[PDB]
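Input: a single structure, listed below in C-alpha cells.
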Amino acid sequence: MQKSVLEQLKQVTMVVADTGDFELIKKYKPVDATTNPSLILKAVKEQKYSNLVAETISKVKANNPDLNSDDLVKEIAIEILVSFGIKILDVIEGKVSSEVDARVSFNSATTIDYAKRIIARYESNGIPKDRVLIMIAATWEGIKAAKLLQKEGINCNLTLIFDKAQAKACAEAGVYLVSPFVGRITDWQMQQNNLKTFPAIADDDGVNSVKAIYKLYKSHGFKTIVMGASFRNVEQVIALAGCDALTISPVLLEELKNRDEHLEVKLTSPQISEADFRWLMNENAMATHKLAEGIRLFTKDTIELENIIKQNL
Amino acid sequence: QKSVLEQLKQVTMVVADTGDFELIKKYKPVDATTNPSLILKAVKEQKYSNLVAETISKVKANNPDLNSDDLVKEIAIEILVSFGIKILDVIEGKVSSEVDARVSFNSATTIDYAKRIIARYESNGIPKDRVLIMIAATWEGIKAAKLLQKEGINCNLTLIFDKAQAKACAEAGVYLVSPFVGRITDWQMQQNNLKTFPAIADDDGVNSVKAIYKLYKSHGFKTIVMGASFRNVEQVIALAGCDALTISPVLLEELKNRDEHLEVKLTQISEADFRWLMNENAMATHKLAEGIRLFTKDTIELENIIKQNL
Ligand SMILES: O=C(CO)[C@@H](O)[C@H](O)[C@H](O)[C@H](O)COP(=O)(O)O
Ligand SMILES: O=C(CO)[C@@H](O)[C@H](O)[C@H](O)[C@H](O)COP(=O)(O)O
C-alpha cells in the first residue's frame with residue numbers, strides 16, 4: 001500500500017487546493033479549496049471558463065434590469081465569486097473559501113455586511129453556510145468582524161497572517177481558521193538578508209512562523225485550524241506535514257502527486273488588546289509591510305475585475 | 001549680500017532641530033524641536049552632564065514614593081523638560097517635546113503623558129503656550145491631539161509621510177504638522193539603488209511637503225506646515241516659503257555660510273478612511289512604523305543611561 005507524498009499528506013493534514021480551477025481540483029481530490037481575489041481574476045480572464053463568466057454576467061444583467069452600472073457591477077462581482085465557489089463545492093466534500101472585497105479591510109461593519117451578502121448568495125443557490133468560509137484580511141478590524149460573524153454561525157478564514165500576534169488575536173476571537181503565510185515571509189527574509197539561494201528549512205522564516213503558531217495553538221488548547229498558505233516550493237509544504245491544514249497551488253499538488261518517498265510527519269503573552277496588537281504588529285517590519293501589500297494587491301485585482309465587468313456590459 | 005539663512009527667515013519660520021541648546025543661539029531660530037533621538041544624542045555627548053545629574057537628584061528628592069521603574073520614567077520626562085527650559089531661555093518661540101513613542105497606539109496614555117509633560121513645565125514656571133507636545137501621527141495620536149487641543153495644549157504631529165495623513169491632522173485642529181522629507185527621499189533612493197540624490201523636481205520628499213502645503217493653502221487650514229528631516233541644504237532651499245522648516249545645526253551652518261540668491265518656491269476623514277489611505281502608501285506604512293521603532297530604541301537607551309546614573 002505504498003502511497004504518493006500527496007496521498008500520505010492527506011492522512012496527517014487537511015489538504016486544501018489553492019485555485020479557482022475546479023477541473024484541476026478534481027485530479028487532486030483535496031478536502032477544501034480556497035479562492036482569493038487574485039485567483040478569481042485569473043479564472044475570469046483565462047479562456048478555460050470564459051463561457052461560465054459570460055453566462056454569469058448575462059444572467060445577472062437579465063435579472064437586474066433596474067440597477068445602475070455601479071450597483072450592477074458589484075452584484076456581478078459577488079455573483080462571479082460565488083459561481084466559482086459553487087463549481088468548486090460540486091467537486092469536493094468540504095468547504096470553499098470566498099474573500100470579501102479587500103476595500104472593506106479597515107471597516108468591521110462593512111466587512112460583516114459583505115460577508116452576509118456572500119452567504120446569502122450561496123444560500124439562494126441551496127448551499128448551506130456550513131460549506132463556506134468567508135475570507136477576511138487579518139487586520140484588527142477584520143478580526144473584530146470575524147468575532148461577530150462567528151457568533152452568528154458564519155465561519156471565517158483569517159488570511160494575510162504574518163505575525164504570531166494576529167494569529168493569537170484570531171484564536172482569542174474564536175475564528176474557525178487562520179491562514180499564516182509562508183512563502184511571502186521567506187520572500188522578505190531573502191530580500192532583507194541578501195540571500196542568493198533559498199534558505200534551509202530550519203532557517204526558513206516562513207516555515208518557522210507556521211511552526212510557532214501551531215505550537216502556540218496546541219499549548220493554549222485553541223481549536224482554530226492552522227492552515228499554512230503561500231508556498232514557493234514543495235519542500236516548504238513537506239516541512240509542515242502534520243499541520244492542521246495546508247492550502248497548496250495546483251503546480252505544487254502535481255509535484256506532490258509524483259513524489260513517492262515516505263512523508264515524515266513534522267508537526268504532531270497576555271490577552272491581546274487593540275493597542276497591544278497594533279504595537280506588536282508595528283514591531284514587525286515584515287508583517288507591517290506584507291499585510292498592507294496583500295490588501296493592496298487584492299484591491300488591484302478586484303478593481304481590474306470591475307473594469308472587465310464594465311467592458312462586458 | 002544676505003546669507004541664504006537670513007533670506008529664508010524672511011519667508012519661513014526657521015526652527016532648530018536639536019537639543020544642544022548652546023548651538024541654537026548662533027542661528028537665532030524662532031522655535032526649536034527636540035525628539036527622542038536628539039535628546040539621546042545630547043545626553044550621550046555629555047556636554048550637559050551637570051543638568052542630567054541635577055535633574056536625577058531633584059526627581060528622586062521629590063518622589064520618595066516611586067519604585068525604580070517608575071522613578072526612571074519620571075526622570076525621563078524631567079530630562080525632556082530640563083532641556084526644553086534651557087532652550088526656551090535662548091529662543092523667543094516654542095519648544096517641541098515628544099511623548100514616549102511606546103504609547104503611539106494608545107490615545108489615553110498619549111493624553112496623560114502629554115499632560116504630565118505640560119504639568120512639569122508649569123511646575124518649573126514655563127507656561128504651556130511656549131510648548132508643543134510632539135506625537136506620532138498614527139490614528140491614535142491624532143485622536144489624542146484632538147482632545148489635547150480642545151484643552152489648550154498645542155501639538156506637533158510628527159512622522160507625517162502621506163497627504164491624507166496630514167489632512168486628518170488638520171481636521172483635528174492641530175497646531176502644527178511635521179511632514180518628513182529626507183526619510184521619503186531615502187525610500188526613493190533605496191527602491192532603485194540610486195547612488196545620487198534625485199533632481200529636486202523629482203525628489204519625493206520635497207514633493208510631499210509641497211503637496212501638503214498646497215492642500216492646506218487651498219483649503220484654508222490654519223495648521224502650520226513644518227518640513228522636517230533633511231539630507232542636504234538643497235532640499236531645505238527647495239522648500240523656501242514653507243510656513244516653517246526645522247533644520248539641523250549642521251544644515252543651519254551651511255545656510256548661514258551660503259550667500260546666493262534664495263528663490264522663494266512656496267507662496268471628513270474617518271478612521272476607516274485614514275487607515276485605507278495609509279495602507280495604499282507603502283512608503284508611509286513602512287516609515288511611520290519604522291519611526292516609532294527607532295524613537296523607541298532611543299528612549300530605551302536613554303532609560304538605560306538614567307538607570308546607570310541613579
Ligand atoms: O490564504 C489563502 C487561502 O486561505 C490563499 O488563497 C492565499 O491568498 C494564497 O495562498 C496567497 O495569496 C498566494 O501568495 P503567493 O504565494 O503567490 O505570494
Ligand atoms: O519632526 C521633527 C520636529 O518637529 C524632527 O525633530 C524630526 O523628528 C527629525 O527631523 C527627524 O527624525 C530626523 O530624521 P533623519 O533626517 O535623521 O532621518
Side-chain angles (χ1 to χ4, degrees), chain A residues 16-20 32-40 42 95-99 102 133-138 156-161 177-188 206 225-233 236 245-249 251-252 290 293-295 297-298 301, chain B residues 15-19 31-39 41 94-98 101 132-137 155-160 175-187 205 224-232 235 244-248 250-251 287 290-291 294-295 298:
Chain A
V16 180
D18 199 20
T19 187
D32 293 352
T34 53
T35 67
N36 71 35
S38 297
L39 293 166
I40 292 297
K42 294 190 304 181
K95 309 186 187 311
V96 65
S97 288
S98 294
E99 185 148 353
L133 299 183
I134 299 302
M135 314 180 70
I136 297 172
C156 300
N157 174 344
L158 276 284
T159 194
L160 294 170
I161 284 170
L177 176 155
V178 292
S179 297
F181 280 36
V182 172
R184 299 197 186 178
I185 295 183
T186 318
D187 289 342
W188 174 277
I225 294 166
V226 180
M227 183 166 76
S230 174
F231 296 101
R232 295 285 164 273
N233 51 62
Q236 294 186 316
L246 299 167
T247 189
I248 308 164
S249 68
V251 159
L252 295 180
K290 293 295 183 178
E293 180 187 63
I295 290 163
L297 293 172
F298 290 156
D301 290 351
Chain B
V15 178
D17 201 19
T18 188
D31 289 355
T33 53
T34 66
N35 76 28
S37 300
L38 294 167
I39 292 292
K41 179 180 184 298
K94 306 184 188 308
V95 62
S96 291
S97 297
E98 187 150 352
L132 299 184
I133 300 299
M134 291 171 56
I135 299 170
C155 298
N156 173 346
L157 275 283
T158 193
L159 291 166
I160 288 173
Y175 178 83
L176 177 155
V177 290
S178 295
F180 280 34
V181 172
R183 297 197 186 176
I184 297 182
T185 316
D186 287 346
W187 174 274
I224 294 165
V225 180
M226 185 169 74
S229 176
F230 295 101
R231 296 285 166 271
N232 54 53
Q235 293 185 317
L245 296 168
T246 188
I247 308 163
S248 68
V250 169
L251 295 179
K287 290 292 180 184
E290 182 184 56
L294 293 170
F295 287 157
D298 289 356

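Keep in mind that the numbers below use all heavy atoms, side chains included, and drop hydrogens, waters and symmetry copies. First listed ligand is number 1; within each ligand, the first listed atom is number 1. The chains referred to below are lettered A, B, ... by the order of the sequence lines, with proteins before strands, and numbering in each begins at 1.
A donor-acceptor contact under 3.5 angstrom links the side chains of A:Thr34 and A:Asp18, judged on distance only.
Counting all heavy atoms, side chain and backbone alike, A:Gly206 lies closest to A:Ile185 at N-CG2, 3.5 Å.
Side chains of B:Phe230 and B:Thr246 form no contact here, defined as non-hydrogen atoms less than 4.5 Å apart. Under the 4.5 Å side-chain criterion, counting only non-hydrogen atoms from C-beta, A:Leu177 is in contact with A:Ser179. A 4.5 Å side-chain heavy-atom check between B:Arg183 and B:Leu294 finds at least one atom pair inside the cut-off.
Under a 4.0 Å heavy-atom criterion, B:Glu98 is not in contact with ligand 2.
In this structure, CG in B:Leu159 is found 9.5 Å from OG in B:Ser229, a value given to the nearest 0.5 Å. Of the inter-residue distances, the one linking B:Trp187 atom CH2 with B:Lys287 atom NZ reads 7.5 Å to the nearest 0.5 angstrom.
Between A:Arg184 and ligand 1, an N or O atom pair is found at a separation short of 3.5 Å. For ligand 1, the polar-atom distance check finds no N/O of A:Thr35 at less than 3.5 Å from any of the ligand's N/O atoms.
Only the side chain of B:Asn156 comes within contact range of ligand 2, with a heavy atom under 4.0 Å; no backbone atom does.
Contact atoms of ligand 1 toward A:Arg232: 15 (P), 16 (O), 18 (O) (distance under 4.0 Å to a heavy atom of the residue). Annotation for ligand 2: atoms under 4.0 Å from non-hydrogen atoms of B:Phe295 are 8 (O), 12 (O). Every atom of ligand 1 with a heavy atom of A:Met227 under 4.0 Å away is listed here by number and element: 4 (O). Every atom of ligand 2 with a heavy atom of B:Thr33 under 4.0 Å away is listed here by number and element: 3 (C), 4 (O), 6 (O). Under a 4.0 Å criterion applied to the non-hydrogen atoms of A:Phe181, ligand 1 contributes the atoms 1 (O), 7 (C), 8 (O), 11 (C), 12 (O). The atoms of ligand 2 that sit less than 4.0 Å from any heavy atom of B:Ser178 are 1 (O), 3 (C), 4 (O). When each atom of ligand 1 is checked for a heavy atom of A:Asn36 under 4.0 Å away, the hits are 5 (C), 6 (O), 7 (C), 8 (O), 9 (C), 12 (O). Per-residue contacts place A:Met135 under 4.0 angstrom from the following atoms of ligand 1 (heavy atoms of the residue considered): 3 (C), 4 (O). Proximity to B:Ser229 (heavy-atom distance under 4.0 Å) selects the following atoms of ligand 2: 10 (O), 14 (O), 15 (P), 16 (O), 18 (O). Near B:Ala228, meaning under 4.0 Å from one of its heavy atoms, ligand 2 places the atoms 1 (O), 2 (C), 10 (O).
The heavy atom nearest to atom 9 (C) of ligand 1, considering only A:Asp18, A:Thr19, A:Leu160, is found in A:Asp18. The heavy atom nearest to atom 1 (O) of ligand 1, considering only A:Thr159, A:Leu39, A:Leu133, is found in A:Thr159.
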* Asked: Could you walk me through whether B:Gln235 and B:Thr185 pass the side chain to side chain donor-acceptor pair (under 3.5 Å) check?
  -> CA-CA 10 Å; B:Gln235 293 185 317; B:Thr185 316; 2.9 Å; yes
